[PDB]
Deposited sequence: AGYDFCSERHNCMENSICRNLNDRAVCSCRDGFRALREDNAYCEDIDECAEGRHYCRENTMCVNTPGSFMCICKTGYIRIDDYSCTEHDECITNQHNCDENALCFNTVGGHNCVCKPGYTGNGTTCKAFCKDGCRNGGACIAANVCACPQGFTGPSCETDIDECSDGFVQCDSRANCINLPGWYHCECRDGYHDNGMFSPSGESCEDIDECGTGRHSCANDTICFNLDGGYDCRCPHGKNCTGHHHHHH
C-alpha cells in the first residue's frame, strides 16, 4: 500500500494503491483540474447546453451526479424525462387486453405480452408447436380443439366407439374415423333415411327381392334370408 505511505491524493480523488507507483484518479462525476488527477471538481451536468436532463424536466446539479425534477404539470417517465398526460390509466387502456402500455414523451406505446404477437392495438395468442386439425390458439401454448379431437395440438383423435359416448347400437356398427365416427349398417341391412347419427336409420332389406335356392320358398326376417322347400337353411 504505497498510497498509504505518501503520494497523497486530494479529497476529490481516489488513492489507488499500486506496486510500482501510487497514482491518483478522480471519482465518478468529477473532472480532473491539474495534470495529475490531484484535485478534481464536480462536473456541472446542468451547465448551459448540456442535455443530461431531457424532455420536460428541470436540472439539479449534485456533487458527483445530478437529478431531474418534472415540470409542474408533467408526470414522470424515467429519471430523465416526463410527459404531459398519463396516457394509459388503468381500465381505459388504448392497448389490447393482453398487452402492455408505458408512457412516452408525446403519447404512449403498446406492446403485446410474452406469448402473444401483434402491434399492441391487437394481439393474438402464439402457439410454439402450433394448433392442428382446425384448432385455435386461445392462449400462449394452449390450443382449443374442435369437438372430435384432443391433445396439446389437437393431434389425437377421440375414439367415439370406446369412450362410451355414442352407443351406435341396434342394426349398426361403430366405426371410428379421424375427427368423428360412422354408424354403418350390419350385414343384411340397408339405410332407410338419407342418413342418421346413429343406428336408427338402418333397416332390414327384403333379403330375396329384385337368390335363395332353385326350389325354395323365400321368407323375410329382421336380418335373415331364409330358404326352405332340399335346403332348410337359416341365414343370420
{"query": "Deposited-sequence ranges lacking C-alpha coordinates, in sequence order", "finding": "1 to 3, 214 to 216, 236 to 240, 248 to 249"}
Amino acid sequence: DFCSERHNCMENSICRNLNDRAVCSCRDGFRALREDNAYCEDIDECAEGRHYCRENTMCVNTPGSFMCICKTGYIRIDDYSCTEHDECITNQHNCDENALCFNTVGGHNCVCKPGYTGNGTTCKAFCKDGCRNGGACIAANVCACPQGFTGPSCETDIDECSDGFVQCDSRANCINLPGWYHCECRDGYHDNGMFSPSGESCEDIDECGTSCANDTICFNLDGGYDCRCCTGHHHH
From here on, numbers count along this sequence of modelled residues.
| item | value |
| --- | --- |
| Stretch exceeding the other in mean C-alpha B-factor - 37 to 45, 176 to 184 | 37 to 45 |
| 155 to 163 or 93 to 101, whichever carries the higher mean Cα B-factor | 93 to 101 |
| Identity of residue with top Cα B-factor, from 211, 198, 61, 57 | 211 |
| Within-chain third of residue 68 by Cα B-factor, per the entry | lowest |
| CA B-factor ranking of residue 168, expressed as a third of its chain | highest |
| Relative C-alpha B-factor of residue 53, binned into the chain's lowest, middle or highest third | lowest |
